[PDB]
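What follows is a set of notes on a single structure, which appears directly below.
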Amino acid sequence: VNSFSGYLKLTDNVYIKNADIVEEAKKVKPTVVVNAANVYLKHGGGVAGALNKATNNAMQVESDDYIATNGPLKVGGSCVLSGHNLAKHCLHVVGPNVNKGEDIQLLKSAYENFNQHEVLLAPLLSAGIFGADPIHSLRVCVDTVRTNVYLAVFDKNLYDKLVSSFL
Ligand SMILES: OC[C@H]1CC2(CN1c1ncnc3[nH]ccc13)OCCO2
Ligand SMILES: [Cl-]
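Following the entry's author numbering, the numbering of the sequence shown begins with 3 at its first residue and continues without gaps.
Rendered as structure tokens:
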């Protein structure tokens with residue numbers, strides 16, 4: 003039993019809700035919140051910009067030190083950093099950006115990072131300003147993640163369509 007509330011159950015392990023991931027994280031304080039990161043951990047917009055803003059830019063400061071030490075992530079890769087005031091940890095995961103020409107096949111690799119954590123709060127990878135079809139992102143999530151994932155989705159219109167079309 004966990005403290006997540008109001009989610010629709012899609013499969014044995016995948017749940018979904020129309021919600022702002024920032025407000026969800028502040029309420030639940032999950033062990034792991036997933037960020038929709040880029041390889042440079044430059045948290046300017048989308049989910050990343052919103053999460054970073056909620057940390058008063060502490061996420062960006064920590065991220066800049068991470069990159070200075072380790073260099074950029076890989077598309078499809080991830081790193082674990084602090085969750086600051088939002089969660090214990092933040093798993094920064096880089097889905098392929100279709101608007102950068104990046105290979106959508108890498109979306110499965112991106113979701114595989116979730117399997118290293120027993121429970122996560124997460125957005126649909128490569129969705130939103132990353133330019134991929136969110137219905138496709140959901141399908142890859144369900145077919146790749148085996149651990150317990152709670153998908154937020156703040157956009158109301160995006161959610162009803164994802165539910166109604168889910169197979
Ligand atoms: O999960 C979906 C991703 C992708 C997105 C934004 N997303 C968010 N998900 C959850 N909480 C959020 N807070 C702020 C943004 C956001 O949806 C439509 C446009 O891009
Ligand atoms: Cl995003």
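Where a beta carbon is used, it is the ideal one built from N, C-alpha and C, also for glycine.
Quick check on this structure: which residue in the options has the alpha carbon closest to the alpha carbon of residue i?
{"i": "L169", "options": "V30, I137, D157 and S80", "result": "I137"}
{"i": "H94", "options": "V100, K102 and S84", "result": "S84"}
{"i": "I131", "options": "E64, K163 and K102", "result": "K102"}
{"i": "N58", "options": "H86, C143, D105 and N115", "result": "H86"}
{"i": "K158", "options": "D14, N20, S7 and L12", "result": "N20"}
{"i": "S111", "options": "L12, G79, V49 and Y9", "result": "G79"}
What does DSSP give as the partner residues of residue i in its beta bridges?
{"i": "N115", "result": "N115 pairs with nothing; no bridge assigned."}
{"i": "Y152", "result": "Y17 and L123"}
{"i": "residue 186", "result": "Nothing can be reported for residue 186, as the shown portion of the chain is limited to 3 through 169."}
{"i": "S7", "result": "Answer is none; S7 lacks a bridge partner."}
Determine, using beta carbons only, whether residue i and residue j come nearer to each other than 8 Å.
{"i": "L123", "j": "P32", "result": "yes"}
{"i": "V165", "j": "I23", "result": "no"}
{"i": "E114", "j": "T146", "result": "yes"}
Measure the beta-carbon distance from residue i to residue j and round it to whole angstroms, keeping in mind my assumption that it falls under 8 Å.
{"i": "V30", "j": "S5", "result": "5 Å"}
{"i": "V41", "j": "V96", "result": "5 Å"}
{"i": "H119", "j": "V34", "result": "5 Å"}
If you count every other CB in all the chains shown that lies within 10 Å of the CB of residue i, and 16 or more means buried, which is it?
{"i": "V63", "result": "exposed"}
{"i": "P98", "result": "buried"}
{"i": "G47", "result": "exposed"}
{"i": "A60", "result": "exposed"}
{"i": "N54", "result": "buried"}
{"i": "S139", "result": "buried"}
query: Relative to ligand 4, what is the chain-ordered list of residues with a Cβ closer than 5 Å to any of its non-hydrogen atoms?
result: Ligand 4 is absent from the structure shown, which contains only ligand 1 and ligand 2.
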